[PDB]
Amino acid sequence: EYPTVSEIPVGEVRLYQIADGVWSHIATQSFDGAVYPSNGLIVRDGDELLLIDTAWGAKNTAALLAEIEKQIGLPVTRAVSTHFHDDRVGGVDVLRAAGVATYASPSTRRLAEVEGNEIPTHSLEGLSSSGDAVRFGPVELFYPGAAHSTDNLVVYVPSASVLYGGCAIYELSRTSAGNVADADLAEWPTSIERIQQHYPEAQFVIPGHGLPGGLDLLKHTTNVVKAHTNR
């Protein structure tokens, strides 16, 4: 039932329930002359919701908020962006206008400002060194080291054993690298090793784009990154 790129018109947002109190959000966007899906996460936080990542653009993110109200009916009170690119922060202004408290690490906020992307309001402390983890409501935020970007965070939901990798983890159907312009290709395998060592109990793994899977997505991503490094 997990929605794919061909089953989501650009501008629409679909939700998928992964576990009790954990959903992914799926949207699509035109980029480089193709259409790509993108995932984020929604995690129940008592009687509120924590959002992980925008829906890749202002229009998509407004649709995301509407779909959350229609399907779930709890308020989104906080959001975390897992790196500085537009598929993670594009729509932060919509969230802020809607009363959501937006968060990112200091490194993400700075990179967003340099790039000209939207800047989350609040800073997340305790994530400046590889291997750092902090609890943030019902999730753990982990900085594995540089990978897809130098600032990329991953998110673990302890109660549901859900690991959200963002753009640092590839879906299985992606067998060649994605956007690596800002990547640290040399460190990416080591950063994945840190994720594996820190979250070996994860049951569901959600990539930044495409279908969820298990922990096999981690080794798959290393294989693809290494192949790109050698090409």
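Whichever C-alpha set is largest while still superposing within 1.5 Å between the two forms counts as the rigid core. From 1 onward, residues are counted along the sequence shown.
Stretch 32-40 is the one, of 32-40 and 54-62, whose CA positions lie farther from the shown form in 8 other deposited structures of this protein once all structures are superposed by the rigid core. Of the two segments, 162-170 and 177-185, the one listed with the higher mean B-factor is 177-185 (C-alpha atoms only). For the pair 39-47 and 189-197, the mean B factor over Cα atoms is greater in 189-197. The entry lists C-alpha B-factors for 72, 80, 147, 153, and the highest of these is at 72. Taking only the listed residues 91, 131, 106, 120, the entry reports the highest CA temperature factor at 131. For residue 208, the recorded CA B-factor ranks within the lowest third of the chain. Only modelled residues enter the ranking. Among all modelled residues in its chain, residue 30 ranks in the highest third by Cα B-factor. In the deposited entry, the Cα temperature factor of residue 113 places it in the middle third of its chain's modelled residues. Among the modelled residues of its chain, residue 141 has a C-alpha B-factor that falls in the lowest third according to the deposited record.
Ranked within its chain, residue 55 lands in the lowest third, by CA B factor from the PDB record.
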